[PDB]
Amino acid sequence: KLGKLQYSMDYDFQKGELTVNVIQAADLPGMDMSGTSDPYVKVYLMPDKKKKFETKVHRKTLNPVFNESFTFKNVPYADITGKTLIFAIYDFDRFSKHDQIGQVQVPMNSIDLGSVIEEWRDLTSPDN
């Protein structure tokens, strides 16, 4: 039970731009020994991790409301179809490598890019 992420997506064919709205997460686990987390979301398209976005860090909350919008530029249709959108949720730490809470993967060929997509998705297990 890793929590849930709510997001929306809007693809503009004329401009070759993908807008991703990271809305909120709910029911995240407390990562440290006192049961708290400092979550933020990293968003990037794979295979090309040359452009990544990261939300602000929300201190000490398991139900952060991010309300942040990011726009991937220079993604014409021919290039975007083979990519996968990754939402990676991390627990911020001042001193050491940040632990990943979980992730959401959205293959771009598995959705309708002609509609505004808004949905909740369960987090799946982190890498490692």
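One-based numbering along the sequence shown.
Once the C-alpha B-factors are averaged per stretch, 98-106 and 46-54 rank with 46-54 first.
Looking at 89-97 and 75-83 together, the entry lists the larger mean B-factor for 75-83, computed on C-alpha atoms.
Of the residues listed, 24, 21, 115, 14, the entry assigns the biggest Cα temperature factor to 115. Highest C-alpha temperature factor among 33, 65, 41, 28 per the entry: 33.
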